[PDB]
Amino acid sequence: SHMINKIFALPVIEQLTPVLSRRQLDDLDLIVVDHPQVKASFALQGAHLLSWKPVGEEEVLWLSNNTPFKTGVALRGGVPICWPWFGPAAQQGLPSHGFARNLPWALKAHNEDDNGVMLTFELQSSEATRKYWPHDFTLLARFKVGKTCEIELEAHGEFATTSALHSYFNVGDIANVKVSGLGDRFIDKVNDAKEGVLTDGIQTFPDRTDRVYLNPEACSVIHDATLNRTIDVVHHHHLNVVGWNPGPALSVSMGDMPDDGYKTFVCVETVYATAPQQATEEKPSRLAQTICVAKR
C-alpha cells in the first residue's frame, strides 16, 4: 500500500464536497473519498474502486505498486469491473475481461452522511464502442463506502453478457490465507478446466490457483492469520464465485504487478460466467458484492 498512500497524498484539483475530491495520478483522474469513517479511492477509468479502508482497519483492497495509470490501460488491483465478457475474449485481438475497465465513466451522482459516501458512475455505448461490441447499453456502478462497502453493477440494454467484480483483497501473506464458504464443485482453469470437489468449502492458495466455484455460499470468508482478521464477501445476483492468485511465476511475468505482489493478495470475485446473463428493456442484468472486515 505505498501506492494507495501516494494517492491520498495527491493535491486536490476539485473539492466536490468536504469529503470528496478529484485528483490526478499521471494520466488518470481519480475520485478520492477522505471521510471520518472511510478512505476510498476510484478511477473514472473503469469506475475502478482502487482502495478501501474503513477507519481503524488495515486497507481491505490490494493495489499494485506497479500498476500503470495510463489512458485505456487496465488498472491492476482494486475491484476491476469485468464487462461485458469475463476472461479471454471470443475474438483474438480483444482483451480479457471486457472493455468497461478501459473507458472513462462519468461520476453521475453522489451523496454523503455521517456514515459514508454513495457514488454512481455511468458508462454509455458509443459509435466507438460499437465497432467491437455491436450493442447499445448504459452501464451503472453504484458504491456505498463506509464501515462496509457495497458495490452494485447494473446493465441496461438487450443483450447477453458475462461479467465479474474482480476484487483484490489485501492480505498479510498468501501463505496464511484460507477462504471458506466456497461450497463443493469447482472448475480448475489452471488444470484443463477439470472439475474438482471441496469437502468443506475451504480453498488455500499454495501457488497459482484459478478456480470457478459452482456452488458457493452467498458469503465467502477470507481468513487471514498474518493480519489477524476475517474479510466477509457477500455475493448477489451472481452465478459463480472465482478465487484466484497468480502465484510467483505469473506475478513476475506480469508487467503491472511486483515480483512479490502475489504474496499480499487473494482475489475473491463475484462473477457471472458459466452461463450468459440476459438484460432486457424491462430487466437489466445486475451483479453485486458486499464487503465487511472484523479483526481477530
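Numbering starts at 1 and follows the sequence shown.
Here the stretch with the larger average CA B-factor, out of 107-115 and 138-146, is 107-115. As listed in the deposited structure, the average C-alpha B-factor of 76-84 and of 170-178 is greater for 170-178.
Within the selection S126, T204, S163, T71, the deposited Cα B-factor values reach their highest point at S126. Placement of the Cα temperature factor of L153 within the chain: middle third of the modelled residues, per the deposited record. Sort the modelled residues of the chain by CA B factor and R211 lands in the lowest third. The PDB entry assigns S251 a C-alpha temperature factor belonging to the middle third of its chain's modelled residues. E269: CA B factor lies in the lowest third for its chain, per the PDB record. Among all modelled residues in this chain, the alpha-carbon of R101 has a temperature factor (C-alpha) in the lowest third.
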